[PDB]
Amino acid sequence: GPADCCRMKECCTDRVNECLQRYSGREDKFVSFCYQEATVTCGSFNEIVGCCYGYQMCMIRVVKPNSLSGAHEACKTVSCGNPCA
Amino acid sequence: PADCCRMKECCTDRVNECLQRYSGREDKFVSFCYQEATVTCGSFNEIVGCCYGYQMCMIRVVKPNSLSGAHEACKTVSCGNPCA
């Protein structure tokens, strides 16, 4: 149950990044898994949407094996979209 | 493309700028300026507005001629649920 949507976003992108850092060499295959993990820990206002949906979509588009950091740096500021639906 | 961080920053900036027009009477204009900020920055629920926690914080803290301190105190406060 997040108290603030922006804090939720910051938490979201940090946690996804760290999680994907655990999956080095296969990061692209774990973007969704790590996003779900981040949604549980950081919370969400709609669990279907999660803690930052635009970031998940960006990372799915961009993340390649052993290339995590550039993808995260590029995607972390993208608009999350509507947290409600 | 909406973003709640950008929305929050827009919200508090716009409320502050709006209240800067009402020097000496800021306390009476907090809600007005929050409506102005909500229209300008957008919201995910128009009744809730662009940052509800900030509105309530400013209602509590803003006194005549002390706007900047109030804004500084309130601008990082939790917005609450943007949806309802």
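All residue numbers here begin at 1 and follow the chain in the order shown.
Method reported for this entry: X-ray crystallography, 1.6 Å.
Keep in mind that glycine also has a Cβ here, set from the backbone N, Cα and C atoms.
Of the listed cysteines A:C34, A:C75, A:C80, Swiss-Prot assigns the disulfide bond with A:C58 to A:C75. Candidates considered were A:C52, A:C84; the recorded disulfide partner of A:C80 in Swiss-Prot is A:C52. Of the listed residues A:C19, A:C34, A:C42, A:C42 is the one Swiss-Prot pairs with A:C11, by disulfide bond. If you go by Swiss-Prot, A:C12 shares a disulfide bond with A:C51, out of A:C34, A:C51. Of all the recorded positions in the record (A:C12, A:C19, A:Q36, A:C80), the one with the smallest CA separation from A:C58 (disulfide bond) is A:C80. Minimal Cβ crowding within 10 Å, among the disulfide-bonded residues A:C12, A:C19, is found at A:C19. Applying an under-8 Å Cβ distance to chain B, the disulfide-bonded residues A:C19, A:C42, A:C51, A:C75, A:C80 reduce to A:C80. Of the listed recorded positions, namely A:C51, A:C58, A:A74, A:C80, the sparsest CB environment within 10 A is found at A:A74. Cα spacing between A:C80 (disulfide bond) and A:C12 (disulfide bond): 10 Å, rounded to the nearest whole number.
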